[PDB]
Undergrad: 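Take a look at this one; I'll ask things after.
We use all heavy atoms of the structure for the numbers below, so side chains are in, but hydrogens, waters and symmetry mates are not. In what follows, residues are counted from 1 in the order of the sequence shown. For ligands, and for the atoms within them, numbers begin at 1 and follow the listed sequence.
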Amino acid sequence: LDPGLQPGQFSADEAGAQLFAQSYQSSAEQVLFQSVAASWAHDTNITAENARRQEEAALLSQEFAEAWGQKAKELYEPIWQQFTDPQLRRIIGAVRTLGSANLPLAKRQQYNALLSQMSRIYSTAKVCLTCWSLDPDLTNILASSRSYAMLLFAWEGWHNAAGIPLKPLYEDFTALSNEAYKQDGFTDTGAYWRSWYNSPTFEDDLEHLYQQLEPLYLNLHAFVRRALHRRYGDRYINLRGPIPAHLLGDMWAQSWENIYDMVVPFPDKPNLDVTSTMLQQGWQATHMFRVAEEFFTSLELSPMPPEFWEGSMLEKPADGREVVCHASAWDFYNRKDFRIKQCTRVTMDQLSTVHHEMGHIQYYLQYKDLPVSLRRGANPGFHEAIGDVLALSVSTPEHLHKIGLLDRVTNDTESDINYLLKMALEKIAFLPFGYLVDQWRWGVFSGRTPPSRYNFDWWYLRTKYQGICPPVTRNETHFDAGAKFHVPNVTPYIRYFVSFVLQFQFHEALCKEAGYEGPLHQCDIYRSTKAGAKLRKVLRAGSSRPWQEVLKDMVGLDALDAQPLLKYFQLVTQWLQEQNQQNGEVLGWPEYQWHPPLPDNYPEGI
Ligand SMILES: *[C@@H]1O[C@H](CO[C@@H]2O[C@@H](C)[C@@H](O)[C@@H](O)[C@@H]2O)[C@@H](O[C@@H]2O[C@H](CO)[C@@H](O[C@@H]3O[C@H](CO)[C@@H](O)[C@H](O)[C@@H]3O)[C@H](O)[C@H]2NC(C)=O)[C@H](O)[C@H]1NC(C)=O
Ligand SMILES: Cc1ccc([C@H]2CC[C@@H](C(=O)O)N2C(=O)CN[C@@H](CCc2ccccc2)C(=O)O)cc1
Ligand SMILES: *[C@@H]1O[C@H](CO)[C@@H](O[C@@H]2O[C@H](CO)[C@@H](O)[C@H](O)[C@H]2NC(C)=O)[C@H](O)[C@H]1NC(C)=O
Ligand SMILES: *[C@@H]1O[C@H](CO[C@@H]2O[C@@H](C)[C@@H](O)[C@@H](O)[C@@H]2O)[C@@H](O)[C@H](O)[C@H]1NC(C)=O
Ligand SMILES: [Cl-]
Ligand SMILES: [Mg+2]
Ligand SMILES: [Zn+2]
């Protein structure tokens, strides 16, 4: 560790802890920048040399974290919890969490190499027939193809190509991660991840939320299953069993927006999937980001700085260079460089992804002047909700008309059901998946799910919550959890379940602040500087204050609450209930053992 980055001496009191955090801040930004920069160089250009530089940068970050983390303990272990400054407590509490820096050098290098290799495997995996990449090739097949056998080839090809080689690495990562955080006092890594929500009843609170939401999913599921049955037939769709996991428009069946055309209740109304209009009009990635930016500035939030436009990767490179295509938003911790890395495609759902990622950036811009340790969301779910809240306004037929994507504008009950059904395919359908992913990982980290049950327990949860089944037989050689980005990239997932609930609480509060007095699902906060000011207060707080208090200041309640989401979807919740009853649907999937047969000539005819 360079001398300038090493901790000096500070008094063993709160006045020295303050000077300690100031000196930490000075060197942490440099260490974070070199680490983020090296990660950027690798993720925008996957080479072996760039992976080596990233592992060396990660090793330096661990060296920094060890020195300052061990100094923080040395000086402040028994007095930091009593400091009068609540932000200083949060800073000290963060610095003294060493994580992977607890591992001995050899195991630090193992750990860093595992993260690098898992990242490379996921983002370079391909399905060969010439070969297809996940983004865009297989993504487009899952989204547009309606051939049961073709969707099967892409689904099976991807899960096999990405998951199988990851499993031995993921086992090793899990053990090292647990070893590291056990030295921080946590029973396992999952316990550390859950501690970010500072709620002793976190898992019970989540279970109570899902109990309120599950009936909406069950009715959406039964309605969609009927629509798929009408297209694929009784051989491939069981009206009393789980839906084959490759037929819902998305590689992970986590968003069903892509099958909207098969489920739209009233096709004679305006087409709310504006993808075809974006293409007809010649939209490109840069247009999508500028339209997103202008919504932010309409609220008097910040535009994207020049450093963002000059540094970001907004399309997949056409030099064929290997990149991490999964969309992400980057804080370089130098208060100047902020970037998005996205292999953007011209679709409506990608426009929503752009808003999601730009919401991450807006957070970074608003709290860039806080101490590095507090440059986070009030909790991780806050960070995930910002852009989605704006996208809720953008997707309204009224707003789409304003930006030229929906010429016809209608306000009738049928159009409302169409819109709420489309929104349910994006938001309700995701809820079981957003909930189950970290249930699986918490069980892996705790040891309830050993490697011998990785896939068994994954598909138990997928069926239990999503009511889907794999369309080909799986076994424990397969590692289908590993075929989902966040698992090999070690990104927690419960934040997305939290965000999908939270964003409707935000939406309701900002709509009220904007002076809107109509149906919640028709609210558009576009150009509301009052709504912008309320949102800005959240963003500028970072993690400096307990999220429960930040939430109460914003929405008037100190807890996650499903009522705004239920209120938003009320009309289609009632409509789906009635339709499924009239159609004599079985809610749920009582034939839980059912899997579809293989196509006659599979995979010969692809
Ligand atoms: C789409 O249309 C709905 C429904 O409009 C209402 O019902 C129709 C059958 C007609 O009779 C309309 O004349 C009638 O407004 C609109 O929702 C309605 O918006 C108005 C405000 O624009 C709401 O009235 C306000 O209500 C608050 C109390 O909540 C009062 O303080 C105000 O003084 C004002 O009266 C009305 O409650 C609301 N109705 C519902 C069911 O929410 C909606 O605005 C419209 N949307 C678009 C995008 O055009
Ligand atoms: C339209 C739309 C909106 C939002 C998403 C979000 C929610 C679902 C989840 C998913 O698609 O499963 N999702 C992402 O994954 C996005 N991308 C990660 C990247 C997080 C990351 C952290 C650290 C390092 C690298 C990446 C991020 O922005 O939160 C999807 C689609
Ligand atoms: C991808 O990364 C490699 C580094 O691993 C880059 O290769 C360097 O390119 C510069 C030219 O600007 C040369 O001077 C270096 O000698 C190269 N280094 C190595 C190890 O080959 C490459 O330029 C990157 N590609 C892009 C498009 O940025
Ligand atoms: C696991 O699965 C591997 C390949 O998948 C198999 O392919 C088709 C033909 C069916 O046999 C299906 O049931 C299988 O999933 C096999 O190579 C492997 O031997 C299977 N079992 C084990 C223990 O690895
Ligand atoms: Cl999280
Ligand atoms: Mg789509
Ligand atoms: Zn996000």
Side-chain angles (χ1 to χ4, degrees), residues 36 38-54 115 119 122-123 134-136 139-140 142-144 248-261 272-276 278-279 288 292 313 317-331 340-361 363 377 380-392 394-395 422-423 425-427 429-431 433-434 436-438 483-500 503:
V36 180
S39 291
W40 179 269
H42 178 257
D43 287 8
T44 56
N45 179 11
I46 300 170
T47 57
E49 179 59 36
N50 289 335
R52 196 192 54 68
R53 293 170 186 163
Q54 187 277 322
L115 290 182
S119 174
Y122 181 89
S123 280
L134 177 61
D135 192 348
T139 298
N140 283 339
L142 271 290
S144 66
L248 292 156
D250 177 276
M251 182 64 73
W252 305 275
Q254 73 187 62
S255 170
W256 304 355
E257 58 86 13
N258 276 318
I259 60 165
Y260 176 65
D261 63 283
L272 295 176
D273 178 6
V274 302
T275 297
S276 60
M278 299 174 70
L279 292 167
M288 298 162 67
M313 186 197 97
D319 57 359
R321 191 175 83 241
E322 303 261 28
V323 309
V324 176
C325 265
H326 193 101
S328 47
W330 293 59
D331 192 340
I340 285 169
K341 176 194 59 45
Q342 182 173 342
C343 295
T344 311
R345 299 167 290 109
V346 184
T347 73
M348 187 176 188
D349 61 82
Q350 281 283 285
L351 185 60
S352 293
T353 300
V354 169
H355 282 79
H356 177 89
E357 299 302 332
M358 195 168 291
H360 285 312
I361 300 290
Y363 229 140
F382 276 59
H383 232 301
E384 300 304 333
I386 305 308
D388 289 18
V389 171
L390 272 65
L392 286 174
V394 172
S395 62
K422 188 173 185 302
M423 293 307 313
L425 294 175
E426 178 182 358
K427 303 291 177 179
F430 176 83
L431 295 174
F433 190 75
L436 73 86
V437 168
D438 274 355
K484 175 62 184 172
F485 173 86
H486 301 66
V487 171
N489 286 273
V490 190
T491 301
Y493 217 74
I494 196 65
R495 55 188 58 175
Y496 301 117
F497 180 75
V498 171
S499 160
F500 272 53
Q503 65 188 245

Undergrad: Atom OG of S352 and atom CE of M288: how far apart are they, to the nearest 0.5 Å?
TA: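 The OG atom of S352 sits 8.5 Å away from the CE atom of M288.
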
Undergrad: If you compare all heavy atoms of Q503 against all heavy atoms of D388, which two are closest, and at what distance to 0.1 Å?
TA: NE2-OD2, 3.0 Å

Undergrad: Mind checking the OH-OG1 spacing from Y496 to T491? Nearest 0.5 Å is all I need.
TA: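 These two atoms lie 6.0 Å from each other.
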
Undergrad: Closer than 3.5 angstrom, by distance alone: can the side chain of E357 be matched with the main-chain N or O of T353 as a donor-acceptor pair?
TA: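 A pair under 3.5 Å: no.
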
Undergrad: Between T47 and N45, is any side-chain donor less than 3.5 angstrom from a side-chain acceptor?
TA: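 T47 vs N45: no donor-acceptor pair found between side chains.
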
Undergrad: Any side-chain to backbone donor/acceptor pair from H360 onto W330? Under 3.5 Å, distance only.
TA: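 It does not hold such a pair.
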
Undergrad: Below 3.5 Å only, please: the N or O atoms of ligand 3 paired with protein N or O atoms, distance on each line.
TA:
{"unit_1": "ligand 3", "atom_1": "2 (O)", "unit_2": "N45", "atom_2": "ND2", "d": "2.3"}
{"unit_1": "ligand 3", "atom_1": "2 (O)", "unit_2": "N50", "atom_2": "ND2", "d": "3.2"}
{"unit_1": "ligand 3", "atom_1": "5 (O)", "unit_2": "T47", "atom_2": "OG1", "d": "3.2"}
{"unit_1": "ligand 3", "atom_1": "5 (O)", "unit_2": "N50", "atom_2": "OD1", "d": "3.2"}
{"unit_1": "ligand 3", "atom_1": "25 (N)", "unit_2": "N45", "atom_2": "ND2", "d": "3.0"}

Undergrad: When you measure from the side chain of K341 to the backbone N and O of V324, does any donor-acceptor pair fall under 3.5 Å?
TA: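 Between the backbone of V324 and the side chain of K341 there is a qualifying donor-acceptor contact (under 3.5 Å).
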
Undergrad: Would you mind checking if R53 and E49 are paired as a salt bridge, meaning a charged N to carboxylate O distance below 4.0 Å?
TA: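 Salt bridge: yes.
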
Undergrad: Relative to each other, are the rings of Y493 and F430 parallel, tilted or perpendicular (30° and 60° limits)?
TA: tilted

Undergrad: Which parts of the protein, at residue level, reach under 4.0 Å of ligand 2 through a heavy atom?
TA: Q254, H326, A327, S328, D349, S352, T353, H356, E357, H360, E384, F430, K484, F485, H486, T491, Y493, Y496

Undergrad: Do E322 and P317 make a side-chain contact, defined as non-hydrogen atoms from C-beta onward lying under 4.5 Å apart?
TA: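 SC-SC contact between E322 and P317 ruled out.
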
Undergrad: Looking only at atom types and distance, does a side-chain atom of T275 sit under 3.5 Å from a main-chain N or O of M348, one as donor and one as acceptor?
TA: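 Yes, because the side chain of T275 sits within donor-acceptor range (under 3.5 Å) of the backbone of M348.
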
Undergrad: Where the side chain of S144 meets the backbone of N140, is there a donor-acceptor pair that is under 3.5 Å apart?
TA: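 A pair under 3.5 Å: yes.
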
Undergrad: Excluding waters, how many protein N/O/S atoms sit closer than 2.8 Å to the Mg ion (ligand 6)?
TA: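 Number of qualifying protein atoms: 4.
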
Undergrad: Looking at residues at least two apart in the chain, or sitting in another chain, which of them share a ring pair (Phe, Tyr, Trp, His ring centres under 6.0 Å) with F485?
TA: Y122, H326

